[PDB]
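A short worksheet on the structure shown next.
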Amino acid sequence: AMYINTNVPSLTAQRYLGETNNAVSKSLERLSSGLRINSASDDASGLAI
Amino acid sequence: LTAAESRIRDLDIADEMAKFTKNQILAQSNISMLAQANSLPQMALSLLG
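Top to bottom, those sequences are chains A and B. Here our numbering = 1-based position in the first sequence + 205. Here our numbering = 1-based position in the second sequence + 27.
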């Protein structure tokens, strides 16, 4: 079935691309910082120790 | 007294040298990560267009 303005695969690709970009950003931040935890949300128990 | 006063003169040079080496090593990793961070995203967008 051929429609107009039904580009669902475009939406799927955009979603997956979004998650991939977020993962890339976090990995780059971690390795540039040279720290495991950073921020306050990665691990909730190691900060106090 | 001269023995007592010559205790805040300088550290045993080994630890200062180790700190210098560690910082010098870290700087180059920072530089490389900054370079790739500059390179990646805008070029990815240009590939999209």
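All residues carry an ideal CB built from backbone N, CA and C; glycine is no exception.
Distance between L252 of chain A and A206 of chain A, taken at the CA atoms: about 56 Å. Taking 8 Å as the cut-off, the beta carbon of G223 of chain A is found no closer than this to the beta carbon of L53 of chain B. Linking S215 of chain A to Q63 of chain B through their CA atoms gives a straight-line distance of about 28 Å. If you draw a straight line from the Cα of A218 of chain A to the Cα of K49 of chain B, it comes to about 43 Å.
Interface residue (Cβ-Cβ distance to chain B less than 8 Å): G223 of chain A is not classified as such. Taken in chain order, the members of the region 48-64 of chain B whose beta-carbon sits within less than 9 Å of a beta-carbon on chain A are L53, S56, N57, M60, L61, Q63, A64. Per DSSP, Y208 of chain A lies in no alpha helix (DSSP H) segment and is marked neither H nor E.
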